[PDB]
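Read the single chain below, which is given as structure tokens and is the form deposited in one PDB entry.
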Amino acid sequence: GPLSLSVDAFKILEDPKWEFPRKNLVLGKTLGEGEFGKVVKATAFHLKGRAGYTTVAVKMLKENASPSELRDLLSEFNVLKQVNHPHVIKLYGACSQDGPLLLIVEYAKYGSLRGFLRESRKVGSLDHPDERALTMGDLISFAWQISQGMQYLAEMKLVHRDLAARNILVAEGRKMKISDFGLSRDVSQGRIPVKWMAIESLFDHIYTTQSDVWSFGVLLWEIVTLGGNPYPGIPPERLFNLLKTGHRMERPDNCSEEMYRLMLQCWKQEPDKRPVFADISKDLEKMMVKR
């Protein structure tokens, strides 16, 4: 079947560029864990012709993994090979010759954007009750970096499908990296959380760059609320009809008119009425120079 073919292709030595010798990989602490998959920190010796040990993250399956897990991981590997951008997580390679399949990716010292934000406070060698302080300028900065990454992906004819604050990684110098390409595809029951999905994805199962834009609007909302939970107290099952009848999230606190207007436009019912990612970057670039 399609998976046994990919598995077998993967387990052969066909891509010497991406194969990393297993003996050169030393696995450390767990960075995150779900039921069937795990991410650990690691050091990699002589990775990609680099001197000494490079700090990396390793993605791997757990023992109760289903074929849909195996598929997601292999599919991410195949997408990340074709991709190169400062705001997209970097793939270093894979170990396919010695035990479990391991994906080796760039290590993001702050972890997920969602985590980063909830540990922060909004403002206008000591110590504080919060990890850091963030201005609207930082938040606009974060959104712009993601929109750049997304513009690159849309130009590459790739639909991410799972855009959300938990899938953006925060690297050294607070650089945003789009991550989790398990569900991406080159442009039936979906595995994207309902609350981030575009109306046409929910009703017609259609996924395009414009449905990525809708998801981007939910992420913006997540950013300006510093890690809020979208549609709080509304059951995911109730959301279809609220959206169909034209309900949207209200303007959050500490959110400006111009910022909220951009969110709303991302959530237009007709995908043609939504901004493209270039328009989005433009809006953020303008906000920035204008303080």
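Take the two forms, superpose them, and find the largest set of C-alpha atoms that agree within 1.5 Å; that set is the rigid core. One rule holds for the numbers: they count along the sequence shown, beginning at 1.
Exercise. Within the set of other compared PDB entries, does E270 lack a model in a third or more?
Worked result: No, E270 is modelled in every other compared entry.
Exercise. Checking the other entries of this protein that model its neighbours, is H128 missing in at least a third?
Worked result: Looking at the other entries that model residues on either side of it, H128 is missing from at least a third.
Exercise. Just how many deposited residues go unmodelled from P129 to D130: none, 1 to 3, 4 to 9, or 10 or more?
Worked result: The entry has no gap there; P129 and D130 are joined directly.
For this session: Could you bin the unmodelled part of the deposited chain lying between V187 and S188 as none, 1 to 3, 4 to 9, or 10 or more?
Result: Gap size class: 4 to 9 residues without coordinates, per the record.
Problem set entry | 29-37 set against 64-72, stretch whose average Cα temperature factor tops the other in the entry | On average, C-alpha B-factors are higher across 29-37.
Exercise. Of 167-175 and 130-138, which one has the bigger average CA B-factor?
Worked result: Mean B over CA atoms: larger for 130-138.
For this session: Specify which of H87, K195, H160, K122 carries the largest Cα B factor in the deposited PDB entry.
Result: Answer for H87, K195, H160, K122: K122, with the highest C-alpha B-factor.
Exercise. Would the CA B-factor of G99 place it in the lowest, middle or highest third of its chain?
Worked result: For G99, whose C-alpha B-factor we compare with every modelled residue in the chain, the answer is the highest third.
For this session: Can you work out whether the C-alpha temperature factor of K11 puts it in the lowest, middle or highest third of the chain?
Result: Its C-alpha B-factor, which the entry lists for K11, ranks in the highest third among residues of this chain.
For this session: State the tercile, meaning the lowest, middle or highest third, of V224 with respect to the CA B-factors recorded for its chain.
Result: Middle third - that is where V224 ends up once the chain's C-alpha B-factors are sorted.
For this session: Quick one: classify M287 as lowest, middle or highest third of the chain based on its Cα B-factor.
Result: It belongs to the highest third of the chain when residues are ordered by C-alpha B-factor.
Exercise. Which third, lowest, middle or highest, does the CA B-factor of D212 fall in along this chain?
Worked result: Answer is lowest: the recorded C-alpha B-factor places it there.
What follows is about the form deposited in another entry, which we do not show.
For this session: Can you spot, among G246, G34, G52, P232, the one with a CA shift of 2 Å or more between this form and the one not shown after core superposition?
Result: Residue with a C-alpha shift of 2 Å or more: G34.
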